[PDB]
Structure formats: structure tokens, C-alpha cells
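A short write-up of the structure that comes next.
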Amino acid sequence: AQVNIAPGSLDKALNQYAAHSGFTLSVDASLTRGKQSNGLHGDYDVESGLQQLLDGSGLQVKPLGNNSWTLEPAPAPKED
């Protein structure tokens with residue numbers, strides 16, 4: 001419903017959001033390793049926050065189930 005994020009790295013961004021609602025993340029410190037996200041500050045909920053977090057990345061944050069997430073790798077792994 002409300003989110004506060006800022007420059008750091010996508011990994012730490014998702015990490016920070018996780019602490020908010022206390023859900024389970026499935027992500028390895030490698031796919032998110034390096035890419036930066038200029039942050040996010042608005043009235044954002046779960047799904048809508050992730051979609052914006054894609055700004056600056058080529059990854060896809062995919063809700064695992066219920067309220068949890070998993071990092072689905074599909075940057076440019078094939079234009080098929």
C-alpha cells in the first residue's frame with residue numbers, strides 16, 4: 001500500500017520490500033547481482049511495486065504463491 005525504495009541494487013531492493021510484509025523470497029544473490037534500480041516511492045502494493053522495480057533491470061520478479069515471490073530469469077536469454 002505504501003513503499004519507500006531508493007538507489008542501491010535490485011537485490012537489496014527486493015530484500016527491503018520482503019521485510020515489509022514478511023513474505024518468503026526465492027532469489028539467489030547472483031541474478032540480481034550488479035543491476036541498479038533508481039528506487040520507488042509511491043502508493044505501491046505487492047504486484048505493482050515489482051513491475052516498477054523492473055525499471056533498470058532485465059529480470060522479472062514473479063510471485064511464487066499467496067504472497068511470496070521467486071526470481072524468474074528471462075532477461076534476454078532468447079528472443080523466442
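Chain identifiers are assigned as A, B, and so on, following the order in which chains appear in the C-alpha cells; residues are numbered from 1 within each chain, and ligands are numbered from 1 in order of appearance.
Secondary structure from DSSP on the backbone puts strand (DSSP E) at the following positions of chain A: residues 3, 4, 5, 25, 26, 40, 41, 42, 60, 61, 62, 63, 64, 65, 68, 69, 70, 71 and 72 of chain A.
Residue neighbourhood of residue 21 (chain A), excluding near-sequence residues (fewer than 4 positions): residues 16, 17, 46, 67 and 68 of chain A, at 10 Å, using only C-alpha atoms.
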- request: Find the residues near residue 70 (chain A): any atom within 10 Å, counting only C-alpha atoms, skip ones fewer than 3 places away on the same chain, and give them as a PyMOL selection string.
  value: chain A and resi 24-28+60-65+73
What lies within 10 Å of residue 75 (chain A) using only C-alpha atoms, ignoring chain neighbours under 3 positions off, as a compact mmCIF listing (two decimals) with N, CA and C atoms, in the first residue's frame?
# COMPACT_ATOMS: atom_id res chain seq x y z
N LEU A 31 21.68 -13.46 -9.79
CA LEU A 31 20.81 -12.94 -10.84
C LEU A 31 20.58 -11.45 -10.65
N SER A 57 16.35 -2.91 -14.70
CA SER A 57 16.72 -4.32 -14.71
C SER A 57 16.18 -5.01 -15.95
N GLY A 58 16.63 -6.23 -16.18
CA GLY A 58 16.08 -7.05 -17.23
C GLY A 58 15.53 -8.34 -16.66
N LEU A 59 15.35 -8.36 -15.34
CA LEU A 59 14.85 -9.55 -14.66
C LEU A 59 13.34 -9.47 -14.54
N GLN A 60 12.73 -10.48 -13.93
CA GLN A 60 11.29 -10.48 -13.72
C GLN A 60 11.00 -11.03 -12.33
N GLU A 72 12.27 -15.10 -11.50
CA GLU A 72 12.24 -15.81 -12.76
C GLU A 72 13.22 -15.17 -13.74
N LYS A 78 16.75 -15.55 -24.71
CA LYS A 78 16.34 -15.95 -26.05
C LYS A 78 15.22 -15.03 -26.50
N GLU A 79 15.32 -14.52 -27.71
CA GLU A 79 14.25 -13.69 -28.27
C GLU A 79 13.24 -14.58 -28.99
query: What lies within 9 Å of residue 1 (chain A) using only C-alpha atoms, ignoring chain neighbours under 4 positions off, as JSON, numbers by chain?
result: {"A": [42, 43, 44, 45, 46]}
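The nearest approach to residue 34 (chain A) among the residues A:18, A:3, A:74, A:10, with only C-alpha atoms taken into account, belongs to A:10.
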